[PDB]
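Single chain ahead, written as structure tokens, the form deposited in one PDB entry.
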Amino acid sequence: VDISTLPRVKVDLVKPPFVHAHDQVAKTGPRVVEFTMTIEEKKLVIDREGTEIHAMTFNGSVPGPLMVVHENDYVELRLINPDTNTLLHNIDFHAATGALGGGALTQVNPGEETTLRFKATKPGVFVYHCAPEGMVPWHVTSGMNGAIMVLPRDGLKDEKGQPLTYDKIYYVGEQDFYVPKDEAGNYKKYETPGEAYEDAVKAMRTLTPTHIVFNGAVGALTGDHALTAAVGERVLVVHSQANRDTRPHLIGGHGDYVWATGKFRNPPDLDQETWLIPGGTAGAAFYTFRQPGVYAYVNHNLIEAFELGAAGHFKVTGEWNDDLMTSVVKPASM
């Protein structure tokens, strides 16, 4: 059908871990869904020590925002590279077919913009990332990645084909950073991107992240920015990792239904404690909360979680179920 005959809808994105408005079950026929993102090179402080890096972002955040469409919609993205940036950038959608996911068509120097359209022919959560030829892992591991969710037109389904409807959704982007270290182990900083590049390559070639964070920094999804839920709410957590495997775990909960490799035509795995999201993938986990209190949500390499940054929190409201768990004898002498 002629694409100029289709409805157009403009999305206004939100910063992760929040997700822009959308309907689970498609309330219209196929649409051209219009998005705009502005690339921002910016300094970011990523840890409690004050370590500051030169991040490369879509729309000012690490991760980039979650885009949401339905299967067989068209995604039309206007990608802007303002002249205040210094580098060449582009975008590759793992949801898309052809031209390196769009990367071959979206190369923008500072001061340029472009508009890409693709048909979202496969349902699932997918990574998107910058990928300039010859500099790909540098851009991705500088934070230049996010995700897109392509919902089935009739929403999510369980392993038996019955509906799964979330009440809340969050997007956790997990980022491995490779901050270059001197021989004593202290981070180096650099005066220009070119002067940094060889030691970024050197740091990356060790394959050992210095930091692994959610939402761009140690502690970002804690305190006043903890995720929230109520007992009995159905929550979908989309989780991406553009470059290394991760093993998400909700401490005190489960993934009731998990698409570990993120593709909704497949039945979910049930009752997961932990699951493996391969580097280069988005996964999604659905959970109905049953207990109030604090939860941690981690990469279950616990060194990565608690020493390198890959941990966030939920604060859950509601009543405690002593049938599901109780302290019979509280800690006491002997």
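When you see a residue number, it is the position in the sequence shown, counting from 1. For clarity, a rigid core is taken as the largest C-alpha set superposing within 1.5 Å between two forms.
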Higher-B stretch (mean Cα B-factor, as the entry records it), 43 to 51 or 63 to 71:
43 to 51
Higher avg CA temperature factor (192 to 200 vs 94 to 102, as deposited) belongs to 192 to 200
Given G173, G223, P248, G143, the residue at which the Cα B factor reaches its maximum:
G223
Among the chain's modelled residues, which third holds the C-alpha B-factor of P292?
middle
Chain thirds of CA B-factor: placement of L156:
middle
Cα B factor band for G262 (lowest, middle or highest third within the chain)
lowest
Just say lowest, middle or highest third for the CA B-factor of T274 relative to the other modelled residues in its chain.
lowest
In terms of its chain's C-alpha B-factors, the third that includes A184 is the highest
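The same protein also has a form deposited in another entry, omitted here; what follows describes it.
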Of the candidates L105, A226, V179, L151, the only Cα that travels 2 Å or more between this form and the one not shown, given a rigid-core fit:
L105
Does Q162 count as moved between this form and the one not shown, where moved means a C-alpha shift of 2 angstroms or more after fitting the rigid core?
no
So that I can tell if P137 moves, could you say whether its C-alpha shifts by at least 2 Å between this form and the one not shown after the core superposition?
no
Is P193 displaced by at least 2 Å at its C-alpha between this form and the one not shown when the rigid core is overlaid?
yes
Direction of C-alpha distance change in the other form, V32 to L100 (at least 3 Å):
closer
Work out the direction of the Cα-Cα change for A147 and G103 in the other form: closer or farther than in this form? It's 3 angstroms or more.
farther
